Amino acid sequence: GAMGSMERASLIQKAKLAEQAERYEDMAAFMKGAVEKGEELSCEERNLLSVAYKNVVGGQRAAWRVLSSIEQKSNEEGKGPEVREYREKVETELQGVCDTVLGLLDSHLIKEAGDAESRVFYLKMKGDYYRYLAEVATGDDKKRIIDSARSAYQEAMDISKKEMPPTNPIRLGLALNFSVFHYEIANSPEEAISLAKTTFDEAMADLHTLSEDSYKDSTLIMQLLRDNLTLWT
């Protein structure tokens, strides 16, 4: 890789600089280089990886949605191949980033992740990036892409329920995202609502065990669960 000659610590340092500079493509490239050094990632390093790639793919997804909406309107009752071509260009770039992230997870982050906090984190990411692939998929593999997202989220859920308290931020964020998967990918709004509600209620009951700082972390994600429930009901 293009980062193969840079020290791991220098890649991490530069990823943090890139985050301060809002240079998310660079941030993601630095973190990919760090992953490819072959050592496990710390909690902070996992967070950097996930923020970097989310910012990259988030811009691509937002652009894809704009272009898809224009393409839909241009195919209604009442201008050539350009809109489709450009939507396809953005789509292919987005798929490439998802494939890159999934490849880092498969080679070899997931297989080396034994602690619950790392294993759940990476399986959640795997579900998230298959979910982004599912948002744009239309071919013979669409159902398999959706099931790949589901299977990754489900394994992460099973581990999180056995090994983490209900207020753990990774567990909460996993539930938030898996609930969105149910709502808008799997066409299962009742499952989405049930998951968000039980997750919220079980976290509420465990807040009493937390310090002020942990309480702040957990309640922030709980508020997102509540926001989604308010939107959906």
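Here the rigid core means the biggest group of C-alpha atoms that line up within 1.5 Å when the two forms are laid on top of each other. Residue numbers here begin at 1 and follow the sequence given.
The higher RMS C-alpha distance to the shown form in 9 other deposited structures of this protein, out of 203 to 211 and 45 to 53, belongs to 203 to 211, with every structure fitted on the core.
Here 14 to 22 and 216 to 224 are scored by the root mean square distance of their C-alpha atoms in 9 other deposited structures of this protein, with each structure fitted by the rigid core; the higher score goes to 216 to 224. Gaps at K79 occur in at least a third of the other compared entries of the protein that contain both adjacent residues. The mean C-alpha temperature factor is higher for 212 to 220 when 17 to 25 and 212 to 220 are set side by side. Higher mean CA temperature factor, per the PDB entry, when comparing 87 to 95 with 68 to 76: 68 to 76.
For the set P165, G38, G173, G33, the PDB entry puts the maximum C-alpha B factor at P165. Residue-level temperature factors show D206 in the highest third of its chain, judged at the C-alpha atom. In this PDB entry, the Cα temperature factor of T199 sits in the middle third of its chain's modelled residues. Sorting the modelled residues of the chain by their CA temperature factor places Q60 in the middle third. The entry lists a Cα temperature factor for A149 that places it in the middle third of the chain's modelled residues. For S107, the recorded CA temperature factor ranks within the highest third of the chain's modelled residues.
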